[PDB]
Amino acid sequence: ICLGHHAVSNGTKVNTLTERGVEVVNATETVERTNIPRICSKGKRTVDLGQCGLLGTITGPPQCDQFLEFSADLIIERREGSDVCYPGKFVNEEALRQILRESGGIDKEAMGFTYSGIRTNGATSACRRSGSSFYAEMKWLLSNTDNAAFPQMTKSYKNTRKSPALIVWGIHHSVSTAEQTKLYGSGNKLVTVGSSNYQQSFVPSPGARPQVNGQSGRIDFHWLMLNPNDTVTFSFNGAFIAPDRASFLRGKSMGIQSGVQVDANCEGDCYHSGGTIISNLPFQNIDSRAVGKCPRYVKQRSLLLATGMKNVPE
């Protein structure tokens, strides 16, 4: 009696410790190359920001009017999104995004600030609603008249909540020293900001910048996280965009950036810009910056795992 083993005509080459391209009976892939070009969001509370920039959800330009209090498990940032109506930018902007990405969304709360002896309704054609408007969560504070002066004020807000209060204000930089006075009166203007945690201070810096959204002035946005029972204090005298509302984190989420569309028909946990990686494989060669729960990125396109004996034909 004789005994042997099975074999096949066309087998699969694999690599070993000792060889490269040794044929075995069967193999299976170990590295994921298959992408689905959609944001698989089945079963997840999802928010696609579209034209609203993530930081805009805090300040409130018109793009973000429907996002001032969003709630999500999954936040999607889009290339067309803007944090801004009136031209400007945030200091430590990316840290803030990462915070907002894992926030579960935001709840807003009035800080209560009341004003006496200044203007309060400063607006612009860069922020269109009815006509000229401003950031919905912010207050463009002004001298009473088309010159006048600005009484060095002090506003204070106490976080009476069990969570950190995201506070945001702005420093306005006018086209000129002429403009800065026509808005806030004359003299070196100063904004100081402090909490039992925090310690900073600001002077505007007027001058002509190039035109963005038809505007040559800029607004500098700054922020801090107020701990519970801690108080923040705003000592200012002009060039100042007052926070009207504060923001609180809802819970937990994941944020991604993508150019592909949402699909509530597929479930995914590993995301990147070009879609969703749905796989059981330990590795992937699709995108090294994929986020969520992903196989490990490798450089190799393919690594075949033997699922059979050596293939020996006659």
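Numbering starts at 1 and runs along the sequence shown.
When the C-alpha B-factors of 252 to 260 and 24 to 32 are averaged, 24 to 32 comes out higher. Set 89 to 97 against 154 to 162 and average the Cα temperature factors; 154 to 162 ends up higher. Of the candidates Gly131, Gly217, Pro243, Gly122, the deposited coordinates give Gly131 the top C-alpha B factor.
In the deposited coordinates, the residue among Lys108, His172, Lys189, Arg79 with the greatest CA B-factor is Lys189.
Ranked by Cα temperature factor within the chain, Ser302 sits in the lowest third according to the deposited record.
Sorting the modelled residues of the chain by their CA temperature factor places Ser103 in the lowest third. In the PDB entry, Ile75 places in the lowest third of its chain by CA B-factor.
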